[PDB]
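Just below is one structure, and these are the notes that go with it.
Heads up, the Cβs are rebuilt from the backbone with ideal geometry, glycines too, and the neighbour counts pull from every protein chain shown. Values in this text are rule-based calculations from the coordinates and carry no lab data.
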Amino acid sequence: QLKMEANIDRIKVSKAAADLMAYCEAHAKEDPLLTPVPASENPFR
Amino acid sequence: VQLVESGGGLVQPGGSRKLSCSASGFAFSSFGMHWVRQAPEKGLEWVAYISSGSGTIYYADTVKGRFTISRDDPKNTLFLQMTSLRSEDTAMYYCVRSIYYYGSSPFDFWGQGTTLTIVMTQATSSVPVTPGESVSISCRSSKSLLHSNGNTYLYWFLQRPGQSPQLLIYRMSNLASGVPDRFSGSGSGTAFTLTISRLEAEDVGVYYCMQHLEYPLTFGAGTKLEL
Amino acid sequence: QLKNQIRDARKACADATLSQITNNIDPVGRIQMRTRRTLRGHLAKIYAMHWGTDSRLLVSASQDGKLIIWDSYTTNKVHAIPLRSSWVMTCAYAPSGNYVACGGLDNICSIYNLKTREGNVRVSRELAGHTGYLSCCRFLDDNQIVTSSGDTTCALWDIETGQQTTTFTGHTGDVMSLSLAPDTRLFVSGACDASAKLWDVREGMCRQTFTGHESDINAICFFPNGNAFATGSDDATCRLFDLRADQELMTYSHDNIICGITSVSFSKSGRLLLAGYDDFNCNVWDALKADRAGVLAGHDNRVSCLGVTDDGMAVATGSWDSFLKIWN
Amino acid sequence: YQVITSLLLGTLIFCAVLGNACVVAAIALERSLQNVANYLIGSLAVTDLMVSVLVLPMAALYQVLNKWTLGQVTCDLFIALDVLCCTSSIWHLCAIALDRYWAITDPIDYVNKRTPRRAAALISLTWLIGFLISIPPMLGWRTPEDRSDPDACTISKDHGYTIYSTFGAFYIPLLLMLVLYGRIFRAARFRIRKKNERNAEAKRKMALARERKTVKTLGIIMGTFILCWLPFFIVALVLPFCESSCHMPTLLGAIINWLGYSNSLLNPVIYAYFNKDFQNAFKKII
Amino acid sequence: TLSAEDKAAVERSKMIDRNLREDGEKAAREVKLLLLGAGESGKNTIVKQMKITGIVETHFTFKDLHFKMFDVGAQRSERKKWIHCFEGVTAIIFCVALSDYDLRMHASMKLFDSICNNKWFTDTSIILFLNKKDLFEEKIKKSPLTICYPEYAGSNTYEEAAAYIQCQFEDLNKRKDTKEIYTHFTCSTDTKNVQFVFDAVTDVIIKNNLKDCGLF
Ligand SMILES: CNC[C@@H]1OCCc2ccsc21
């Protein structure tokens, strides 16, 4: 039990953090909560 | 689930007759109710409508007051009060069920019908068909049916010859359940057509194109398809 | 004994904090989050909610014996589903928009069919296999349901069979939260021992353990990339963990907040997360800049659950006042 | 001289309108303050603002200007609104007392059946009494005496009217409140009466606290309701009879008929600004 | 928005609200009781005499007053995470067996103190019960009582012992101005046990009602 979790594939946190930042910066254009969308296209108006 | 109706027959002009549609296998207290009449040689013609618990009751111009309506939740029995009938009132009165919210399927399950004795027009009355080919039927509306919510209040109905019709495509873009999963439709405002892909057997019938934008509930002139 | 070696590997594999990388990135400033509607139908306090798959519907289950289905755009109520046990602590919406499952102190989480030829909601399969209350029973497919209980066991089921095909074991304490990966291949859960274990569905046994809290946990969610997740407990400490690196990344805490958490969620791109505290307020936090993006008022008692639709248009929060507010 | 009277009357009217409006605003904007008792209190508060706005300023005009200069129809309108509002502002107190008595005498009513319809029934009944009292002067029973002269906007001095109105508007409520709050006092006294030495000591000192607080509360309610009217009604009941005190001092009559109006300002304080739920709601909404 | 679809939608929403309101009104003219205690303290006998797979439910009728008793001992879990569902209950029925002082009653004391001084149960009055007084009588006339707790020295009289048990149970609550406790002795065959609960509930209702008027 403890052995199978003990022997796992582990990577440096650097490229993991880079992956998170890359996805965040690629999709930062599509946070309707974050970027204020003009009221002509929000159906809660 | 089954819906059965009674009250039909023959009444002399100026008389009164009571019309009913018994309920079984469902909760009448949580469903709307509608009535659509069809002449023996013409298309459908809507009659009235009842919301849940008879909160709201409308009528058409020609049936405003002279045919009143009611419902009975505890007993699951339907009432149609009629008086002073004329020659133009004879038609097939269809016990039609429906529900209204997001994801609705109005006019989904229909009764057998009763034998009692915006302008919408369809392009072609009758079109022959051949197995394995592709044939399309178009429908035109006087005014754009797109409402402010984006919901196109367009329906296509198909009635097998001599049987109660079914829901095939509702909202002109969504496919009803229980269909053979072949039919499809597309178009834009006041410009719509029904496309049949890989037509097969038992598809002979009549297709109906009706509006729901405003509330006169007027149907099309009819579309006949024959082998 | 292996624990020391695992900890040594953990401290060896970590070198940098996300703050260093974000230090070259300017924050997105202040955003104005204003309420659009308010939903008022519940009498007793509400306990759960689950957003639909088409970003237009949601369900909420309350203690007055009722769970209810809304239309989020016009605030029209469409379904009222009477219950059998007045103790309901969880709810779920099927991805295909067909089923809803809920269950509480009695050792069950039932099944309801929405799209019925009957035209009314009925109970289909009463799943009874635990010796404790169920805190969360979500959905994988239209035919496999995953239940998490106060029985210190997470149970994967199969509705048509009626019997659990697989069982998961490994928590000393009782689990109270459960979340699914986007690919429907793995899922995680956490318990009162302040540990979260990555559960596999293929072979039915845990893979890795995630620790760092010191109290019972309240809710969790995956990062939308399918690689990380963030957790919330009663210590006012939202913590972030990823599948790959198996490490602690960012601690989400502040010195002027002292109450606990009740539910969490991520935004569409994961730029910012939510947390509805015990002081009847929500709190939007930059998921990368780690600074408080804003505060939302609007309730009086205490936040119970919240979530964001698939497309990101909306966010809805619930509280013990029995009021649901839709935000934008 | 007249400026002082004007400013004082303006201050009183402002206080009346402010208090009566704030009470209704606080009740109408919360969900924790919508039980039957608080409905009764709010409805009493609404009748008070009517009286204030529609009657107080005209009476202040009649006072400072020292004469009536508005016309016969205006005078009849004023006297009428006066009677109705000041008679529906009395009986609400006895309605509230009846509510509390029914709460304390039998719990099974308090749980098994208590619907918010009772508040509406009681409010309708009180306004019904007001309507009944104010109409007879308009229908008839008015003296044919001259009233067109300035400062003649007075109330009819028929013996029969000035006894019937006085009884049916102030004295029956006095007996009703006396009896109902006396029975509530008896019950509340019965409940309190009905190592371990320290347990006994706690019991005694607790009982001493609770046997004094009830005296204080019942006394303040009773004392305010009697002191803020009874002098006016005894004055209005003696003078028409046998021309008593022919040289009646009008300067005292000013205070005598200002107490009846001052009840409007005094009423909201005792019933609304002591309930802990209102204090908390006021702190919240402010 | 002037289409039959959304008019029907708002109609359905209005009726759902009305149905929910009626149900919420109906389920409030009812008194809810949390029946709590140890497993073998005599709960079942209480259940039978009062009446005349996790949480268990109970229903009554007694002179135009409706009760509701829950049983929370069947399941074993983290008590701290399902107790808040029980706010607004009028009274708590704590059942204790007297015979078991020498078999445990110390654990009953620890449980009583924990349940009474709950921050969520600050202002709920407590009904107490004491069962199996018979076997208590045989045990005390066969064996002494000081083995349970040597700090007490006194006669072996059943009156003095029972009074000491009552006083020991009652001296636990820290707050007394808002919460008061009623005791009662039961010999496992009584026709006067429902009456005690009726009287306790009536007293609770009256002492609460007098509070909002400013009296008491
Ligand atoms: C001064 N305002 C009250 C008014 O004074 C005249 C007699 C009377 C009877 C009922 S109300 C009333």
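Just a few scattered comments:
For (1) under 29 Å from D:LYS205 (Cα atoms); (2) surrounded by 15 or more Cβ atoms within 10 Å (Cβ to Cβ); (3) within 14 Å of chain D (Cβ to nearest Cβ); (4) in contact with a strand residue (DSSP E or B) (Cβ under 9 Å, 6 or more places away or on another chain), each residue gets a yes or a no:
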{"position": "E:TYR158", "(1), (2), (3), (4)": "no, no, no, no"}
{"position": "E:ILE165", "(1), (2), (3), (4)": "yes, yes, yes, yes"}
{"position": "E:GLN168", "(1), (2), (3), (4)": "yes, no, yes, no"}
{"position": "E:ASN173", "(1), (2), (3), (4)": "yes, yes, yes, yes"}
{"position": "E:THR178", "(1), (2), (3), (4)": "yes, no, yes, yes"}
{"position": "E:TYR182", "(1), (2), (3), (4)": "yes, yes, yes, yes"}
{"position": "E:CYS187", "(1), (2), (3), (4)": "no, no, no, yes"}
{"position": "E:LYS192", "(1), (2), (3), (4)": "no, no, no, no"}
{"position": "E:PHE196", "(1), (2), (3), (4)": "yes, yes, no, yes"}
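- Region D:259-281: number of residues that are among the aromatic types (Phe, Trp, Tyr) and surrounded by 15 or more Cβ atoms within 10 Å (Cβ to Cβ): 3
- Residue match in region C:71-89 (condition: away from chain B (no Cβ under 14 Å) and surrounded by fewer than 18 Cβ atoms within 10 Å (Cβ to Cβ)): yes
- Region D:246-285, subset outside any helix (DSSP H, G or I), within 14 Å of another protein chain (Cβ to nearest Cβ) and farther than 14 Å from D:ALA45 by Cα, residue nearest to the ligand (Cβ to nearest atom): D:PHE274
- Where D:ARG204 falls short, out of the listed (1) more than 10 Å from every other protein chain (Cβ to nearest Cβ); (2) under 30 Å from the mean Cα position of the chain (by Cα); (3) more than 30 Å from D:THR87 (Cβ to Cβ): (2)
- Qualifying residue in region D:187-198 (condition: within 16 Å of the ligand (Cβ to nearest atom), among the small types (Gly, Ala, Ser) and either buried (at least 16 other Cβ atoms within 10 Å of the Cβ) or away from every other protein chain (no Cβ under 12 Å) (or both)): no
- The test for being within 14 Å of chain B (Cβ to nearest Cβ), among the hydroxyl-bearing types (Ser, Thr, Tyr) and either surrounded by 17 or more Cβ atoms within 10 Å (Cβ to Cβ) or in contact with a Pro (Cβ under 8 Å, 6 or more places away or on another chain) (or both) does not hold for C:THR152.
- Residue that is within 15 Å of the ligand (Cβ to nearest atom), of a type outside the set (D, E, K, R) and more than 14 Å from chain E (Cβ to nearest Cβ), where the choices are D:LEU128, D:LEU139: D:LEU128
- Within the option set C:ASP64, C:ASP15, being out of contact with any strand residue (DSSP E or B) (no Cβ under 8 Å at 6 or more places or on another chain), under 30 Å from E:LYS32 (Cβ atoms) and at the interface with another protein chain (Cβ under 8 Å from one of its Cβ atoms) holds for one residue only, C:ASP64.
- Members of region A:21-42 that are within 7 Å of another protein chain (Cβ to nearest Cβ), closer than 22 Å to C:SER19 by Cβ and not hydroxyl-bearing (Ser, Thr, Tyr): A:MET21, A:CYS24, A:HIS27, A:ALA28, A:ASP31, A:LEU34
- Restricting the search to strands (runs of 3 or more DSSP E) fully inside region B:33-129 and requiring at least 1 residues that are farther than 22 Å from B:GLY162 by Cβ and not β-branched (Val, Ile, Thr) gives B:33-38, B:44-50, B:57-59, B:67-70, B:79-83, B:120-122.
- Being touching a strand residue (DSSP E or B) at 6+ places or on another chain (Cβ under 6 Å) and either over 23 Å from E:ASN193 (Cα atoms) or within 8 Å of another protein chain (Cβ to nearest Cβ) (or both) is not true of E:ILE83.
- Leading residue by the ranking (nearest to the ligand (Cβ to nearest atom)) among those in region D:143-165 that are assigned to a helix (DSSP H, G or I) and crowded, with 16+ Cβ neighbours inside 10 Å: D:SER165
- Just one of the numbered conditions (1) facing chain C (nearest Cβ under 8 Å); (2) surrounded by 14 or more Cβ atoms within 10 Å (Cβ to Cβ) is not true of A:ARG45: (2).
- Any chance C:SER253 is within 14 Å of chain A (Cβ to nearest Cβ) and out of contact with any strand residue (DSSP E or B) (no Cβ under 6 Å at 6 or more places or on another chain): no
- Residue among D:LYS213, D:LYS203 that alone is over 22 Å from D:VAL36 (Cα atoms), surrounded by 13 or more Cβ atoms within 10 Å (Cβ to Cβ), out of contact with any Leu (no Cβ under 6 Å at 6 or more places or on another chain) and charged (D, E, K, R): D:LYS213
- Of all residues making up region E:25-51, the number that are touching a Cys at 6+ places or on another chain (Cβ under 6 Å) and charged (D, E, K, R): 1
- Total residues in region B:136-170, condition of a type outside the set (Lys, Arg) and surrounded by fewer than 15 Cβ atoms within 10 Å (Cβ to Cβ): 9
- Of all the criteria given as (1) away from every other protein chain (no Cβ under 14 Å); (2) closer than 25 Å to C:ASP321 by Cα, the one not satisfied by D:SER6 is (2).
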